[PDB]
């Protein structure tokens, strides 16, 4: 059963599943068929029966629209993806969505579709493998050794994020990363040369990559040999595979309408004749299956690694335990107590610091407790305060390929690439990564935060300099809409702590839960608040009563809802409001997302139905309408900022006791 027959198999499933769904992208799976045979048949180290096998090569389909390529490969090689599913391509609840989705389909390593990000994910996975290896291998016993393969097309290469990820990968000498490029002269608008005339080999050599240019992308033997050559490189490798889009189509190969549209029944019948593929839709003859199936080889590969690991466990019982725990993403055994100790510690200290500082202090405590902690900053380490006393900066080896182990990464000025890479580090397993930048620059990395939320993986994204409180850098740096815009992304937890204790709570919560988190810290100092034991336990509920009414008040009730640096203002507002006949309960809402997940009883306790509310936050006001209603009030900022000291701006922009009072009287009128 020839490789033509094996490649053609991919062609038939891709074209027939697209036609069936009358939707999707047949051109790339047909263009890349032989590349598929080359990598998957002759090189990929994997086990269909266990797609969670720790030491498997990681494959990433960065050009995610060509998803039938992956579904064919998963199906053909014997993963648990039955033919029924490929028949249900692009149908509700199928295991075959239009773009591949992590957690939905076995063997799907990450979620792609937004261009460029799969490639950045793959850099993160290569970084994970390289870091773990440096960490867990011993001169007399290796348990970490796998490559990271990524398919990509012209789209990914035009996206800025390819630049960020490949520059970093080159500087970090990630030589087990191997990229195969669907080099076909085509993107969606037509002939790529009219908008994209890069000398791509030259670009990639400039990054410190090895490039294998001009491979015949329809020659299984040629691609195979190029991968072998890549596999022996001192540098990450780009393989340039010259292909024809929809190659094998009877009449439409190389056309500009095979990217994202069905071929039609007529072209499909004629393609069956030209290829000699005699089988009906979704019929695959057993000799194609026998040539593609990897269950046997997979079993052998993984059983071998198990023996390899068992021998490792004998010589290093403690490290083997740690590896298994970390690969599984399980926290230490004494977690609740150590986490409660970090929080108690902050509460005991009672210091008024910037929550960026509170953050660094929490990281100190997390690190002493989580060897898996992997920090980093997008060239703002000194500003974000993401590194800690005992941390080691990850660096490429001076002389050979690979990295020296470390646990804080300087990502460079690459917020988007850092964020996608973090998603890769997380998906790889073995570390608990986070990475920082200024809050406003969440606008550069936004879709990566989004993709973490879609995948439901606990990526942590740290943002500092969160408002006009940052002062003089001015309105291009001063976030106004950002905090609310991140809340709005489904499944993304947003924390904006008021003090050292809310920071400690936010971090330990984030490290321990399944949602990706944005942790949002201030530049400037925020007053410490004191809390009851009951209150300390309620911070983890996202919103809690920081200060209640006294039974002895018997004046007009209001609820002040505040977050982050504005908790101080709500708190300073209480007595002045009392002296005006208003009794103010202060609710601190460090995470509205976590608060919204609470039960109805708890939410009613904190925000009693029918008591009016004023929300206080140095951000856009409309967001708070969900808690304060049409009749409630908001003290916030609905314009861009200005360049001036923080104290000047806070006054200028009406974050004053006087404004809080004025608003409260207006709400209660």
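Residue numbers count along the first chain shown, from 1.
Between the stretches 223-231 and 345-353, it is 345-353 that shows the larger average CA temperature factor. Taking the mean C-alpha B-factor of each stretch as recorded, 161-169 and 509-517 are not equal, and the higher mean is that of 509-517.
The top Cα temperature factor in the record, among 267, 415, 198, 304, falls on 304. Out of 642, 638, 34, 601, it is 601 whose C-alpha atom has the highest B-factor in the PDB entry. Per the deposited record, the Cα B-factor of residue 463 falls in the lowest third when ranked against the other modelled residues of its chain. In this PDB entry, the Cα temperature factor of residue 59 sits in the middle third of its chain's modelled residues. Looking at the C-alpha B-factors along this chain, the one for residue 130 belongs to the middle third. When the modelled residues of the chain are ordered by their C-alpha B factor, residue 65 lands in the lowest third.
Annotation for residue 611: C-alpha temperature factor in the highest third relative to the rest of the modelled chain, per the entry.
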